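Engineer: one piece of my complex first, more on the way:
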Amino acid sequence: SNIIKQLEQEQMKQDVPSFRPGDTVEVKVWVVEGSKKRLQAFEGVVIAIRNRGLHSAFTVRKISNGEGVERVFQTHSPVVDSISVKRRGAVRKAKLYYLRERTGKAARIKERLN
Amino acid sequence: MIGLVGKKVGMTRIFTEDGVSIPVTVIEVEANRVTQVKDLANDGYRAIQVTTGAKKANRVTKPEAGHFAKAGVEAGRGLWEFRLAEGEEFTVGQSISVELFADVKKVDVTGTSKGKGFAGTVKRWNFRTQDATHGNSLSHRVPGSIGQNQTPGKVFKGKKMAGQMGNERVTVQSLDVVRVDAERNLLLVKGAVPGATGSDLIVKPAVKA
Amino acid sequence: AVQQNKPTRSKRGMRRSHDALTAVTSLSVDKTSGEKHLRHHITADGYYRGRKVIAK
């Protein structure tokens, strides 16, 4: 009856920050190369979806040496621990899948009121 | 110490939603009991059958109500019969036996299927469609040839053509390791709970498959 | 796409074994006005179960 929709809430991460699409975000990702376990930094413009439970993720595009790399990170996965919103961007669309294609272009900055 | 399984798998199964089921004990107090005990007189084999769920006790038919009415009237929704081991007596041992080392190794899975209607010959078995533009008068997704001219003179019995797919049963096995927990020292039983409700029961000897 | 022998009157009337009209086999009598109607239908004078649902 009043039971369901809580098994996905047992393993949430309530320490996540809130971000809009268009900001350049920093994602620290645990990686295993052997006995040691280090961190990886991923920067770039986020093309996010909002919280579909555990099944929520955000798409980040970075350009290393000429071509873009898109990485979608599952929000509540244990390998993603910390997100920093960093510079906050102003765009109209929820999905920046076409503005990500163009080169040398950066979105405008808006820091006051989200 | 010596002690093993008997007429026991479990008493509680919860409605299917996803099919992975990482376990956590939830706090809600309900009562469940074995109601079904068969009669003794007119049979040469002594068989026992299980049930699950709950019915309204208004749409239960009087034959089914009388079936459930032997030792307490609590009805369910389904019935499944199995073989003979010995009989029916109380075999309850002492308090605490099996906490030492031998918990679990694996589990098994069981399922059923979904109705896709009068499916086509490309949907049902993975047929190849002919080329849609180089000519192809009305033969893009049609079945092609179904036989071999005169000396058969007929189409064979196990032939793949268009019909209803779905509304059948399926069965699979062998789920694996997903994650471990060690630091908090909790008692764990492991496995994805098997498929949709409507399963046939797992009555098995030691692990063969 | 055509026959080679004429099908018989037996086979012709035997294909029509399932082509028979089934009846309603029961009507319902409205408590207010004693006329009969279909199940879950207006009594063709403006009555459902207990009220005159149609003024016309």
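Structural biologist: Received, thanks. Numbers count the residues shown, from 1 in each chain, chains lettered A, B, ... in the order given.
Engineer: setting aside sequence neighbours, what's the nearest residue to residue A:74?
Structural biologist: Nearest non-adjacent residue to residue A:74, counting by CB to CB, 6 or more residues apart in numbering or on different chains: residue A:57, 4.8 Å away. Backbone N, C-alpha and C define where each C-beta goes, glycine included.
Engineer: that neighbour: what's it in contact with?
Structural biologist: By CB atoms under 8 Å, 6 or more residues apart in numbering or on different chains, the contact set of residue A:57 is A:49, A:72, A:73, A:74, A:75.
Engineer: will you turn those residues into a markdown table that also has neighbour count and distance to residue A:43?
Structural biologist: Below are the contacts of residue A:57 laid out as a markdown table (neighbours: other CB atoms under 10 Å in any protein chain shown; distance: CB to CB, whole Å):
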| residue | neighbour count | distance to residue A:43 |
| --- | --- | --- |
| A:49 | 15 | 20 |
| A:72 | 11 | 15 |
| A:73 | 18 | 12 |
| A:74 | 13 | 18 |
| A:75 | 20 | 17 |
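Engineer: can you tell me which of these lies nearest to chain B?
Structural biologist: Of all the contacts of residue A:57, residue A:74 has the smallest distance to chain B: 14.4 Å, by CB to the nearest CB.
Engineer: hang on, residue A:63 packs against residue A:69?
Structural biologist: Yes: contact criterion CB atoms under 8 Å: residue A:63 and residue A:69 qualify, at 7.5 Å.
Engineer: find the closest residue to chain A in chain B.
Structural biologist: Counting by CB to the nearest CB, chain B gets nearest chain A through residue B:24, at 5.5 Å.
Engineer: distance of that residue relative to residue B:13?
Structural biologist: From residue B:24 across to residue B:13, the span is 15 Å (CB to CB, to the nearest Å).
Engineer: again, but for residue B:70
Structural biologist: From residue B:70 to residue B:13 the distance is 23 Å (CB to CB).
Engineer: need the three-state assignment for residue B:53.
Structural biologist: On the three-state scheme (DSSP: H, G, I helix; E, B strand; the rest coil), residue B:53 is labelled coil.
Engineer: that one touches residue B:74, doesn't it?
Structural biologist: No: the criterion here is CB under 8 Å, and residue B:53 misses it with residue B:74 at 10.4 Å.
Engineer: the more surrounded of the two?
Structural biologist: residue B:74 (17 against 11; other CB atoms under 10 Å in any protein chain shown).
Engineer: now the helix or strand containing residue B:63: buried residues?
Structural biologist: Counting by DSSP states H and E, the element that carries residue B:63 is helix B:62-68. If you call a residue buried by 16 or more other CB atoms under 10 Å in any protein chain shown, then helix B:62-68 has these buried ones: B:67, B:68.
Engineer: mind adding chain D? sequence follows:
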Amino acid sequence: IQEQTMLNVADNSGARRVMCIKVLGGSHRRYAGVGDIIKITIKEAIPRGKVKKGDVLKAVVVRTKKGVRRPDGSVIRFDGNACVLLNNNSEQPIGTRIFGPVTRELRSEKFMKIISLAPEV
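Structural biologist: Putting chain D onto the chains we already have gives this:
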């Protein structure tokens, strides 16, 4: 990736565009785009590269637009398909330096040299 796929090259010795002529490993293997070996020809080359136009040799796919799925469900998608040129018999990289990002699934057997020469893993 598939047969008749135009691909860029990461290594310096491999020169500009290469095209996949056969998808190695398997009978009717259609699509192999993560760390698999593919037979290529060179469709357009610069004279600075050691290889020349029309030379058949092997490659390994390094970047793909389809993208590899991580175990947690993460997908790393690269814009444009890339390969690193290898010898036909020894299956070792001809190119001295690797350009661009590489993925951590290119760690098995002879590709430790590729990820060691590569900047970003």
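Engineer: since we added chain D, can you redo the contacts of residue A:57?
Structural biologist: Contacts of residue A:57 (CB under 8 Å, 6+ apart): A:49, A:72, A:73, A:74, A:75, D:73, D:74.
Engineer: and the closest residue to the third one other than its chain neighbours, how many neighbours?
Structural biologist: So that's residue A:73. With sequence-adjacent residues excluded and distances taken as CB to CB, 6+ apart, residue A:73 is closest to residue A:80, at 5.0 Å. Neighbour count of residue A:80, defined by other CB under 10 Å: 21.
Engineer: just the strands in chain C please.
Structural biologist: Applying DSSP state E to chain C gives strands spanning C:28-29, C:36-37.
Engineer: which of those sits closest to chain D?
Structural biologist: strand C:28-29 (58.7 Å).
Engineer: for the residue nearest the centre of chain D, give the beta-bridge partners.
Structural biologist: What sits nearest the mean C-alpha location of chain D, by CA atoms, centre = their mean, is residue D:83, with 2.1 Å. Going by DSSP bridges, residue D:83 is paired in beta bridges with residue D:9, residue D:61.
Engineer: pull the contacting residues for it.
Structural biologist: D:7, D:8, D:9, D:10, D:14, D:18, D:38, D:40, D:59, D:60, D:61, D:62.
Engineer: and of the residues you listed, the nearest to residue C:30?
Structural biologist: residue D:61 (77.6 Å; CB to CB).
Engineer: the closest one and residue D:35 touch, don't they?
Structural biologist: Yes: with contact defined as CB under 8 Å, residue D:61 counts as touching residue D:35 (7.0 Å).
Engineer: who's more crowded, those two?
Structural biologist: The residue with more neighbours, out of residue D:61 and residue D:35, is residue D:61; 24 against 18, by other CB under 10 Å.
Engineer: each with direction, which strands does the host helix or strand of residue D:41 pair with?
Structural biologist: Assessed by DSSP H and E, residue D:41 sits inside strand D:37-42. Taking DSSP bridges as the criterion, strand D:37-42 sits next to strand D:18-23 (antiparallel), strand D:57-63 (antiparallel) in its sheet.
Engineer: so what touches the longest one?
Structural biologist: Defining contact as CB under 8 Å, 6+ apart, one finds that strand D:57-63 is touched by A:67, D:1, D:7, D:10, D:14, D:18, D:20, D:24, D:32-40, D:51, D:78, D:80-88, D:91, D:100-103, D:106, D:111, D:114.
Engineer: got the residues of chain B near chain A?
Structural biologist: B:17, B:22, B:24, B:26, B:28 (CB under 8 Å from any CB of the partner chain).
Engineer: among these, which lie within helices?
Structural biologist: Among the residues of chain B next to chain A, none falls in helices (DSSP state H).
Engineer: and then chain E:
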Amino acid sequence: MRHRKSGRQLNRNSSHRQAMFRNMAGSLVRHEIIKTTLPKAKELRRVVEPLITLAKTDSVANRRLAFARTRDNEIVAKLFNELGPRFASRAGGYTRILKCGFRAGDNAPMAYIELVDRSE
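Structural biologist: Let me put chain E in with the others:
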């Protein structure tokens, strides 16, 4: 196949379905009674009573939304003046489907669809 799917396409296209439904909602709100077919009646209530529950809160924005649907200012005026507060205490179910006899020109299951009004 279709699973978990809503909306009956009524053997006609999307633009015609929307136009039929605007005209039907206007006719229901005007005359308080409609004789129509049974699937048309079911989809008719499924698109009419959202308007009546929009019409409880009298605002210019809600008049403009209730004018983006059904496109008749007499209908928006009735729906916010007389309907609305007449159905303010109700929580859903502003329509009633009573089935009548089959149509003469074609065997159509016909149905009177009407509100929960009173005569006087």
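Engineer: what about the neighbour count of residue A:80 again, now that chain E is present?
Structural biologist: 21.
Engineer: so it bridges to which residues?
Structural biologist: Assigned bridge partners for residue A:80, using DSSP bridges, are residue A:29.
Engineer: do you know how far it is from residue A:17?
Structural biologist: 12 Å.
Engineer: swap in residue E:53?
Structural biologist: 38 Å.
Engineer: identify the residues contacting the residue nearest in space to the middle of chain A.
Structural biologist: Computing the C-alpha centroid of chain A and ranking residues by CA atoms, centre = their mean puts residue A:58 first, at 4.1 Å. Residue A:58 makes contact with A:19, A:25, A:46, A:47, A:48, A:49, A:72, A:73, A:75 under the criterion CB under 8 Å, 6+ apart.
Engineer: again with residue D:75
Structural biologist: A:70, A:71, A:72, D:67, D:68, D:69.
Engineer: re earlier: what sits up against the strand holding residue D:41?
Structural biologist: Under CB under 8 Å, 6+ apart, the answer for strand D:37-42 is D:1, D:7, D:14-15, D:17-25, D:32, D:51-61, D:83, D:85-86, D:91.
Engineer: show me which of those are buried.
Structural biologist: If we count by 16+ other CB under 10 Å, those have these buried: D:1, D:7, D:14-15, D:17-18, D:20, D:23, D:32, D:51, D:57-61, D:83, D:85-86.
Engineer: quick one, helices of chain D?
Structural biologist: Counting by DSSP H, the helices of chain D are D:112-117.
Engineer: let me know the outermost residue of it.
Structural biologist: residue D:72 (25.0 Å).
Engineer: quick one: the strands in chain E, in order.
Structural biologist: E:33-37, E:96-99, E:110-114.
Engineer: may I see the buried residues of the second one?
Structural biologist: Within strand E:96-99, the residues scored as buried using 16+ other CB under 10 Å are E:96, E:98, E:99.
Engineer: where's the first one relative to residue A:65, distance?
Structural biologist: When you say that, I think you mean residue E:96. Distance from residue E:96 to residue A:65, by CB to CB: 69 Å.
Engineer: how about chain B: which residue is closest to chain D?
Structural biologist: For chain B, CB to the nearest CB, closest residue to chain D: residue B:178, 10.2 Å.
Engineer: again but with chain C, I slipped
Structural biologist: For chain C, CB to the nearest CB, closest residue to chain D: residue C:1, 39.3 Å.
Engineer: list the contacts of residue D:19.
Structural biologist: Residue D:19 sits in contact with D:4, D:5, D:6, D:7, D:40, D:41, D:42, D:43, where contact means CB under 8 Å, 6+ apart.
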